[PDB]
$ cat run_13.pdb   # PDB, C-alpha atoms
ATOM      1  CA  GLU A   7     -27.401 130.529 273.723
ATOM      2  CA  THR A   8     -25.614 128.044 271.455
ATOM      3  CA  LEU A   9     -23.204 130.685 270.186
ATOM      4  CA  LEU A  10     -21.925 131.432 273.677
ATOM      5  CA  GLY A  11     -20.858 127.811 274.034
ATOM      6  CA  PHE A  12     -18.664 128.203 271.001
ATOM      7  CA  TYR A  13     -17.399 131.603 272.150
ATOM      8  CA  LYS A  14     -16.289 130.278 275.562
ATOM      9  CA  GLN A  15     -14.263 127.388 274.139
ATOM     10  CA  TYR A  16     -12.839 129.559 271.356
ATOM     11  CA  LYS A  17     -11.745 132.249 273.804
ATOM     12  CA  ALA A  18     -10.425 129.507 276.100
ATOM     13  CA  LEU A  19      -8.338 127.965 273.319
ATOM     14  CA  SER A  20      -7.005 131.342 272.214
ATOM     15  CA  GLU A  21      -5.770 132.247 275.698
ATOM     16  CA  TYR A  22      -4.259 128.793 276.291
ATOM     17  CA  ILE A  23      -2.367 128.765 273.020
ATOM     18  CA  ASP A  24      -1.201 132.339 273.551
ATOM     19  CA  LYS A  25       0.058 131.618 277.085
ATOM     20  CA  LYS A  26       1.757 128.334 276.273
ATOM     21  CA  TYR A  27       3.054 128.893 272.734
ATOM     22  CA  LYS A  28       2.838 132.658 272.088
ATOM     23  CA  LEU A  29       0.794 131.799 268.974
ATOM     24  CA  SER A  30      -2.537 133.227 267.810
ATOM     25  CA  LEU A  31      -5.332 131.203 266.313
ATOM     26  CA  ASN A  32      -4.354 132.755 262.964
ATOM     27  CA  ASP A  33      -0.875 131.264 263.373
ATOM     28  CA  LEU A  34      -2.487 127.881 264.087
ATOM     29  CA  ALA A  35      -4.743 128.066 261.018
ATOM     30  CA  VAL A  36      -1.775 129.027 258.838
ATOM     31  CA  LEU A  37       0.401 126.282 260.373
ATOM     32  CA  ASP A  38      -2.398 123.747 259.781
ATOM     33  CA  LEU A  39      -2.536 124.752 256.140
ATOM     34  CA  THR A  40       1.255 124.448 255.735
ATOM     35  CA  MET A  41       0.877 120.784 256.632
ATOM     36  CA  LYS A  42      -1.287 120.337 253.526
ATOM     37  CA  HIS A  43       1.097 122.110 251.193
ATOM     38  CA  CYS A  44       4.717 121.651 252.264
ATOM     39  CA  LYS A  45       4.865 118.454 254.331
ATOM     40  CA  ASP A  46       6.979 116.475 251.856
ATOM     41  CA  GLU A  47       8.410 119.226 249.627
ATOM     42  CA  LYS A  48       9.030 123.004 249.691
ATOM     43  CA  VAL A  49       6.440 125.520 248.373
ATOM     44  CA  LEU A  50       6.930 129.009 246.863
ATOM     45  CA  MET A  51       5.838 131.834 249.184
ATOM     46  CA  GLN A  52       3.842 133.965 246.726
ATOM     47  CA  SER A  53       1.866 130.852 245.811
ATOM     48  CA  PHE A  54       1.186 129.751 249.377
ATOM     49  CA  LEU A  55      -0.047 133.288 250.068
ATOM     50  CA  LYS A  56      -2.736 133.150 247.391
ATOM     51  CA  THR A  57      -3.874 129.688 248.455
ATOM     52  CA  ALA A  58      -3.974 130.755 252.083
ATOM     53  CA  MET A  59      -5.765 134.042 251.339
ATOM     54  CA  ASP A  60      -8.538 132.154 249.557
ATOM     55  CA  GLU A  61      -8.834 129.304 252.028
ATOM     56  CA  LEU A  62      -8.390 131.185 255.308
ATOM     57  CA  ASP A  63      -9.827 134.540 254.165
ATOM     58  CA  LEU A  64      -6.899 136.497 255.667
ATOM     59  CA  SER A  65      -5.135 139.561 254.215
ATOM     60  CA  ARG A  66      -1.702 139.166 252.615
ATOM     61  CA  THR A  67      -0.154 141.159 255.481
ATOM     62  CA  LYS A  68      -1.822 139.114 258.224
ATOM     63  CA  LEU A  69      -0.533 135.992 256.488
ATOM     64  CA  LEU A  70       3.043 137.315 256.187
ATOM     65  CA  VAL A  71       2.983 138.192 259.870
ATOM     66  CA  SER A  72       1.898 134.664 260.776
ATOM     67  CA  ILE A  73       4.367 132.947 258.459
ATOM     68  CA  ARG A  74       7.235 135.061 259.819
ATOM     69  CA  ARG A  75       6.215 134.298 263.390
ATOM     70  CA  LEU A  76       5.995 130.521 262.752
ATOM     71  CA  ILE A  77       9.469 130.655 261.206
ATOM     72  CA  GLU A  78      10.766 132.736 264.117
ATOM     73  CA  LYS A  79       9.310 130.251 266.630
ATOM     74  CA  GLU A  80      11.054 127.410 264.768
ATOM     75  CA  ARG A  81       7.758 125.756 263.721
ATOM     76  CA  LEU A  82       8.155 126.362 259.987
ATOM     77  CA  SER A  83      11.214 126.610 257.736
ATOM     78  CA  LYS A  84      12.347 128.849 254.909
ATOM     79  CA  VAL A  85      14.768 128.491 251.989
ATOM     80  CA  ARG A  86      15.683 131.126 249.421
ATOM     81  CA  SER A  87      16.434 130.654 245.711
ATOM     82  CA  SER A  88      20.150 130.643 244.916
ATOM     83  CA  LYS A  89      19.098 132.079 241.539
ATOM     84  CA  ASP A  90      16.619 134.862 242.361
ATOM     85  CA  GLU A  91      17.079 136.650 245.718
ATOM     86  CA  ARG A  92      13.475 137.888 245.727
ATOM     87  CA  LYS A  93      12.144 134.310 245.565
ATOM     88  CA  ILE A  94      11.419 132.595 248.913
ATOM     89  CA  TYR A  95      10.081 129.089 249.729
ATOM     90  CA  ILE A  96       8.631 127.673 252.938
ATOM     91  CA  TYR A  97       8.670 124.051 254.066
ATOM     92  CA  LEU A  98       8.264 121.810 257.110
ATOM     93  CA  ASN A  99      11.277 119.713 258.105
ATOM     94  CA  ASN A 100      11.110 116.641 260.330
ATOM     95  CA  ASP A 101      11.566 118.678 263.523
ATOM     96  CA  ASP A 102       8.760 120.975 262.328
ATOM     97  CA  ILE A 103       6.436 118.048 261.667
ATOM     98  CA  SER A 104       7.108 116.541 265.122
ATOM     99  CA  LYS A 105       6.400 119.948 266.673
ATOM    100  CA  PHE A 106       3.264 120.271 264.566
ATOM    101  CA  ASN A 107       1.895 116.941 265.781
ATOM    102  CA  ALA A 108       2.662 117.716 269.422
ATOM    103  CA  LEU A 109       0.919 121.067 269.095
ATOM    104  CA  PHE A 110      -2.266 119.762 267.545
ATOM    105  CA  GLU A 111      -2.510 116.736 269.824
ATOM    106  CA  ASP A 112      -2.445 119.417 272.516
ATOM    107  CA  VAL A 113      -5.135 121.383 270.659
ATOM    108  CA  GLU A 114      -7.480 118.371 270.289
ATOM    109  CA  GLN A 115      -7.208 117.433 273.955
ATOM    110  CA  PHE A 116      -7.895 120.960 275.232
ATOM    111  CA  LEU A 117     -11.074 120.999 273.178
ATOM    112  CA  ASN A 118     -11.851 117.376 274.106
TER     113      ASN A 118
ATOM    114  CA  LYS B   5     -14.349 117.523 262.460
ATOM    115  CA  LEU B   6     -11.226 119.619 261.841
ATOM    116  CA  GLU B   7     -12.876 120.908 258.674
ATOM    117  CA  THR B   8     -15.792 122.008 260.874
ATOM    118  CA  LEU B   9     -13.579 123.876 263.364
ATOM    119  CA  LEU B  10     -11.332 125.460 260.749
ATOM    120  CA  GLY B  11     -14.723 126.077 259.190
ATOM    121  CA  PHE B  12     -15.889 127.720 262.372
ATOM    122  CA  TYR B  13     -12.632 129.665 262.712
ATOM    123  CA  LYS B  14     -13.484 131.412 259.421
ATOM    124  CA  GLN B  15     -17.043 132.361 260.450
ATOM    125  CA  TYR B  16     -15.799 133.397 263.880
ATOM    126  CA  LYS B  17     -13.086 135.698 262.531
ATOM    127  CA  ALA B  18     -15.510 136.972 259.878
ATOM    128  CA  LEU B  19     -18.015 137.913 262.581
ATOM    129  CA  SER B  20     -15.403 139.626 264.737
ATOM    130  CA  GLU B  21     -14.203 141.798 261.840
ATOM    131  CA  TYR B  22     -17.726 142.766 260.733
ATOM    132  CA  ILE B  23     -18.885 143.700 264.206
ATOM    133  CA  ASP B  24     -15.673 145.615 264.904
ATOM    134  CA  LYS B  25     -15.917 147.561 261.635
ATOM    135  CA  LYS B  26     -19.618 148.345 261.889
ATOM    136  CA  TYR B  27     -20.092 148.752 265.659
ATOM    137  CA  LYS B  28     -16.603 149.141 267.184
ATOM    138  CA  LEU B  29     -17.563 146.211 269.429
ATOM    139  CA  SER B  30     -15.575 143.059 270.233
ATOM    140  CA  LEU B  31     -17.130 139.640 270.596
ATOM    141  CA  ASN B  32     -16.551 140.000 274.350
ATOM    142  CA  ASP B  33     -18.719 143.111 274.265
ATOM    143  CA  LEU B  34     -21.366 141.086 272.413
ATOM    144  CA  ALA B  35     -21.272 138.238 274.942
ATOM    145  CA  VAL B  36     -21.591 140.657 277.846
ATOM    146  CA  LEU B  37     -24.445 142.573 276.145
ATOM    147  CA  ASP B  38     -26.240 139.256 275.525
ATOM    148  CA  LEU B  39     -25.886 138.433 279.195
ATOM    149  CA  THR B  40     -27.226 141.861 280.252
ATOM    150  CA  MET B  41     -30.438 141.038 278.394
ATOM    151  CA  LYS B  42     -30.933 138.095 280.758
ATOM    152  CA  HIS B  43     -30.370 140.143 283.908
ATOM    153  CA  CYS B  44     -31.493 143.758 283.424
ATOM    154  CA  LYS B  45     -34.205 143.801 280.748
ATOM    155  CA  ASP B  46     -37.073 144.778 283.062
ATOM    156  CA  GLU B  47     -35.223 146.144 286.115
ATOM    157  CA  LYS B  48     -31.753 147.398 287.132
ATOM    158  CA  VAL B  49     -28.962 145.138 288.492
ATOM    159  CA  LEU B  50     -26.120 145.942 290.928
ATOM    160  CA  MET B  51     -22.725 146.059 289.227
ATOM    161  CA  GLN B  52     -21.344 143.582 291.784
ATOM    162  CA  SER B  53     -24.152 141.053 291.332
ATOM    163  CA  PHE B  54     -23.513 141.267 287.586
ATOM    164  CA  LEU B  55     -19.702 141.013 287.549
ATOM    165  CA  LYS B  56     -19.791 137.780 289.528
ATOM    166  CA  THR B  57     -22.522 136.224 287.386
ATOM    167  CA  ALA B  58     -20.767 137.262 284.192
ATOM    168  CA  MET B  59     -17.371 136.094 285.476
ATOM    169  CA  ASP B  60     -18.846 132.645 286.018
ATOM    170  CA  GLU B  61     -21.022 132.475 282.900
ATOM    171  CA  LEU B  62     -18.542 133.964 280.415
ATOM    172  CA  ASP B  63     -15.237 132.977 282.058
ATOM    173  CA  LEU B  64     -13.878 136.542 281.775
ATOM    174  CA  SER B  65     -11.685 138.504 284.205
ATOM    175  CA  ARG B  66     -13.301 141.216 286.341
ATOM    176  CA  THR B  67     -11.181 143.701 284.375
ATOM    177  CA  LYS B  68     -12.162 142.442 280.925
ATOM    178  CA  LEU B  69     -15.785 142.678 282.042
ATOM    179  CA  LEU B  70     -15.410 146.247 283.387
ATOM    180  CA  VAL B  71     -13.881 147.258 280.048
ATOM    181  CA  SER B  72     -16.803 145.819 278.069
ATOM    182  CA  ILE B  73     -19.501 147.196 280.350
ATOM    183  CA  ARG B  74     -17.877 150.612 280.210
ATOM    184  CA  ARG B  75     -17.647 150.390 276.432
ATOM    185  CA  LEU B  76     -21.316 149.349 276.037
ATOM    186  CA  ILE B  77     -22.350 152.322 278.186
ATOM    187  CA  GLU B  78     -20.181 154.741 276.204
ATOM    188  CA  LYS B  79     -21.649 153.375 272.962
ATOM    189  CA  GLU B  80     -25.150 154.013 274.359
ATOM    190  CA  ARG B  81     -26.069 150.295 274.277
ATOM    191  CA  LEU B  82     -26.298 149.900 278.044
ATOM    192  CA  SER B  83     -27.344 152.274 280.818
ATOM    193  CA  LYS B  84     -26.048 153.019 284.273
ATOM    194  CA  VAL B  85     -27.548 154.508 287.431
ATOM    195  CA  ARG B  86     -25.809 155.290 290.711
ATOM    196  CA  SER B  87     -27.161 155.008 294.256
ATOM    197  CA  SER B  88     -28.022 158.332 295.868
ATOM    198  CA  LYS B  89     -26.998 156.981 299.281
ATOM    199  CA  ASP B  90     -23.742 155.180 298.553
ATOM    200  CA  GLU B  91     -21.645 156.835 295.814
ATOM    201  CA  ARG B  92     -19.616 153.620 295.654
ATOM    202  CA  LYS B  93     -22.685 151.658 294.521
ATOM    203  CA  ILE B  94     -23.505 151.452 290.796
ATOM    204  CA  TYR B  95     -26.248 149.649 288.808
ATOM    205  CA  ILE B  96     -26.619 148.823 285.142
ATOM    206  CA  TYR B  97     -29.856 148.428 283.206
ATOM    207  CA  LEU B  98     -31.288 148.318 279.690
ATOM    208  CA  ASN B  99     -33.778 151.034 278.852
ATOM    209  CA  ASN B 100     -36.198 150.778 275.947
ATOM    210  CA  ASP B 101     -33.846 152.422 273.431
ATOM    211  CA  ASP B 102     -31.119 149.988 274.605
ATOM    212  CA  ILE B 103     -33.406 146.971 274.088
ATOM    213  CA  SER B 104     -34.329 148.220 270.594
ATOM    214  CA  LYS B 105     -30.627 148.632 269.774
ATOM    215  CA  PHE B 106     -30.009 145.188 271.230
ATOM    216  CA  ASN B 107     -32.571 143.561 268.938
ATOM    217  CA  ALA B 108     -31.300 145.308 265.811
ATOM    218  CA  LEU B 109     -27.776 144.205 266.640
ATOM    219  CA  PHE B 110     -28.572 140.567 267.239
ATOM    220  CA  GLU B 111     -30.779 140.356 264.191
ATOM    221  CA  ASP B 112     -27.731 141.612 262.335
ATOM    222  CA  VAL B 113     -25.493 138.964 263.935
ATOM    223  CA  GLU B 114     -27.989 136.164 263.299
ATOM    224  CA  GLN B 115     -28.318 137.014 259.617
ATOM    225  CA  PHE B 116     -24.559 137.465 259.107
ATOM    226  CA  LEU B 117     -24.030 133.905 260.316
ATOM    227  CA  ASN B 118     -26.598 132.666 257.769
TER     228      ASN B 118
END

$ encode --input "run_13.pdb" --output "structure tokens"
Amino acid sequence: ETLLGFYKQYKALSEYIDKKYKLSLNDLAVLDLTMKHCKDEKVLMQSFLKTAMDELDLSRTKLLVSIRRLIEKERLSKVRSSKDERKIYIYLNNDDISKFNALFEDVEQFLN
Amino acid sequence: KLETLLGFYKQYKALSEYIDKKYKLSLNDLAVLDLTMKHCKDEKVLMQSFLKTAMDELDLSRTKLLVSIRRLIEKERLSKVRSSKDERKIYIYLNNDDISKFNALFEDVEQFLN
């Protein structure tokens, strides 16, 4: 009877975020983690994937889907190596950070 | 705070995967089945009287609820009986095998989260 409380608000958040932003709660968790890794500088993709797999317990393919979606929705940025084509970095620019803050202020208020 | 909700996101997603793999049930199905235990453990309940209750208690659409109820019945975790007089009228109920399945399932949930 204490689990249902959690379930209602979780389901409620998931629908709200989906409707308003077309993001899943996986995308949010991934985006949250990007803030801890590439706020000030860029980070290599293959690296971020291992960190994220361990910390979020998501498959590599679920992570790639989320990262690609965040980039597509202009909430995360990507830069390739001029040296090695197969090497990709992700990073948050200033627009991305301002979007991030707006999004999570919106998250906190929906929950509170 | 945010470590506790990201924390809870992990356990939540972990539970959903486990239940889906092992039972082919969603967490919606679980919430609905939990609610059935509070309404039709000892007697049957009219489908209408249940959909409204559940809609209010679980904040789910009538259609999401019909999907779950139908799935629970197909998975032999919930039972259904029709009126003989009005074909339109349907009841749901938990029989003794259903209750036994219910207990096994929730014991499994409770231990997975601990």

$ atom_distance --input "run_13.pdb" --atom1 "CA of residue 37 in chain A" --atom2 "CA of residue 23 in chain A"
13.2 Å

$ resolve_selection --input "run_13.pdb" --expression "the PyMOL selection byres ((chain B) within 12 of (chain A))" --output "number ranges by chain"
B: 5-7, 9-21, 30-39, 41-42, 58-64, 110, 113-114, 117

$ resolve_selection --input "run_13.pdb" --expression "the PyMOL selection byres ((chain A and resi 98-100) around 7)" --output "count of residues only"
9

$ residues_around --input "run_13.pdb" --residues "range 73-85 of chain B" --least-positions-apart "4" --cutoff "12 Å" --atoms "all atoms listed in the file" --output "PyMOL selection string"
chain B and resi 27-41+44-45+47-51+54-55+58+66-69+90-109

$ atom_distance --input "run_13.pdb" --atom1 "CA of residue 80 in chain A" --atom2 "CA of residue 46 in chain A"
17.4 Å

$ axis_aligned_box --input "run_13.pdb" --around "range 104-110 of chain B" --padding-each-side "4 Å" --output "AutoDock Vina command-line options"
--center_x -31.1 --center_y 144.6 --center_z 268.5 --size_x 14.6 --size_y 16.1 --size_z 13.4

$ atom_distance --input "run_13.pdb" --atom1 "CA of residue 87 in chain B" --atom2 "CA of residue 52 in chain B"
13.1 Å

$ closest_residue --input "run_13.pdb" --among "A:26, A:40, A:86, A:116" --to "residue 73 in chain A" --atoms "only C-alpha atoms"
A:40

$ residues_near_point --input "run_13.pdb" --point "(-2.8, 120.4, 275.6)" --cutoff "12 Å" --atoms "all atoms listed in the file" --output "ChimeraX atom specification"
/A:18-19,22-23,25-27,107-118

$ closest_residue --input "run_13.pdb" --among "A:43, A:48, A:28, A:66" --to "residue 87 in chain A" --atoms "all atoms listed in the file"
A:48

$ resolve_selection --input "run_13.pdb" --expression "the PyMOL selection byres ((chain A and resi 70) around 12)" --output "list in words"
residues 32, 33, 36, 51, 52, 54, 55, 56, 58, 59, 64, 65, 66, 67, 68, 69, 71, 72, 73, 74, 75, 76, 77, 78 and 96 of chain A

$ closest_residue --input "run_13.pdb" --among "A:106, A:53, A:47, A:20" --to "residue 85 in chain A" --atoms "all atoms listed in the file"
A:47
